Amino acid sequence: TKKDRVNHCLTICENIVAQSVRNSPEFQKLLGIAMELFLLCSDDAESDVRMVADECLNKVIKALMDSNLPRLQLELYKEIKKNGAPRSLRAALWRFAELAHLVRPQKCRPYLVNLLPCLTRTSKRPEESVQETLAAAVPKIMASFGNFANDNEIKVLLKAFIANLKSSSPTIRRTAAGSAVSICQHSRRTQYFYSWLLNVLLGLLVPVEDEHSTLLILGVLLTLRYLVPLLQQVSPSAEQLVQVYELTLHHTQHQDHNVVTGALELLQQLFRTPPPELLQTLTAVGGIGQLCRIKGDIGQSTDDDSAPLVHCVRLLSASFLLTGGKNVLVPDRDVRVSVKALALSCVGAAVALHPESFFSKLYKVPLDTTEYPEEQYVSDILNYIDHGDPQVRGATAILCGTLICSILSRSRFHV
Amino acid sequence: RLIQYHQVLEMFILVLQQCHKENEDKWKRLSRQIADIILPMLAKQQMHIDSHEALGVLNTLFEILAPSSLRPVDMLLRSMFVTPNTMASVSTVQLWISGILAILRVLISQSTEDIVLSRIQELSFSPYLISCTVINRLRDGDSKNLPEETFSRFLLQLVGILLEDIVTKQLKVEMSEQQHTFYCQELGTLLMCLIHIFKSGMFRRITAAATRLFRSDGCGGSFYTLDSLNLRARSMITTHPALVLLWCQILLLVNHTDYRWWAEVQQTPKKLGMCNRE
């Protein structure tokens, strides 16, 4: 029999929402049954015997929100601390996160202290739906409780999440990246912890000329993509931001196309929202030097005589977009259309900062002219305007628009 | 204790306006107490007046101050003829020029030309206070004459610095769009102050000195030449036609009627075109 289980796990939600006899001990411990049951109907073997559970959890919560909020908060924190069944944990956790902002700023310190162990524990949980609920619950909880942690507790949570950056599940890696960035962001000393996480992530891949897994690399590149938006002016410095840029340039050359995609997304987020000092380093002619085959010498990001963005655009083009002849497009078997679209978007984002890079010869020292007749130019990526799939023609259009705007902006219309 | 913010300057305009009617000797005493704090801060770029609103609040505070508080202009002049600790950052240049503009409006609206020039003669500021070499040093790194000449060369070097910063500075690498807006508003205020100085007829000595300087040359590259300023202004035609027209008005106020500038901004003869050029 289950129909009357639905009827019971719905009638308790029909009784407590309407008594007008609350604010008295006769209520709280009947609520102590309603919540312990609605969170038990949550891990049931039947579909709708869980849907009525969710509906009545929400009803009891929203009807008694301002009336008896702290009671519900403790009731959900308990089923979180239990580390029980997965579905019940997801239920209690997501419902506790959505109410974190309703905790008055005298219980955020007890709650944070109590939640830190539960959070580190549920981070080590191998279930993927649990990791989704946690990726959604960590920002909400931090945005309400992080002003009440000391730097040691925040570093504990941060090291708890840095471990999952080498995990084999992509959900787990994404939850780790997002939770680490969001923990850093909603902390008392935000910029110091940004720099701390930058140190940790660059240390995880200190020698680029050294095996670093493919999963760790993906996790670190994702964490850096998430962290770069927050670096819009201790504080993180040009040294380690330039090291991040170097890491990205190195890993766009990886042989696994998932690492190539992660590095292209990082380079995209880094050219679209560049930290104000990395921007100055990349656009400066001295640049970093002051601080799918390539087929030839395109240069180095440490070169003089040219800003590092010239080399970055040369790298993207010579890698994913240009063979090196004249109007010859790279096949899709050599590099897929996803990587091609992302490389065109990165070239557009770089041209937005440095239009001169668009006009470079593809190779500083040309290919052997005995067989290659004419030197190709970076601008030949515009031949992708008639590629054959959308999101590559569209990216080439975006690049033309960005290029027009950037040329008219750099020269004062003295084109 | 909180006077470096322009909201506190508004609170002080109010405090002063009310102590003015309560008792006109608490008024003068508090006005002195306020000027003696503010002017060294402006000299050292400690006031947060890097905005249009803050500069306006500073102007109206200077107008509300008791005149006795600014009566000997030795302090105003010592607090104006300064250089910043660096001019590699846009914010420091802007704060420095902003304090200069406030003090200069005070000098041309509450004092007379002869008083200012006499006091400048006593405390011998040199025109080389900001020379092209001092400017180029402060931009990356660090280390007789007539009073009207010193004043005019100072204002002209300011004009040159502002032109160079508005023309040759990338629009979101070094400065934000708000910093660019303020740079152009500062240049507009400075050029309007100069137009008032050359057009009102109350600064005949300064006007004559400026007409002499505009016709002068680069003393081996010590000061901005008129051709250098004009080459910087000719590139602002496509982006800042208002500031360019103020510059044209100033060129007429000093009788620079060369057809190298005029037969080119007027497009004198022998595609839809840009509207700013029109």
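Note that the numbers count up from 1, one per residue, in the order the chain is shown.
The backbone N, Cα and C atoms fix where each Cβ goes, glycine too.
Per Swiss-Prot, the features are as follows:
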MOD_RES   A:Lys82  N6-acetyllysine
MOD_RES   A:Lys140  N6-acetyllysine
REPEAT    A:110-147  repeat 'HEAT 1'
REPEAT    A:152-189  repeat 'HEAT 2'
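Neighbour counts of Cβ atoms within 10 Å were compared across the modified residues A:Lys82, A:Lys140; the minimum falls on A:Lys82. Secondary structure from DSSP puts A:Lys82 (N6-acetyllysine) in coil. Across the fold, the C-alpha of A:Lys82 (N6-acetyllysine) and the C-alpha of A:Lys140 (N6-acetyllysine) stand 21 Å from each other.
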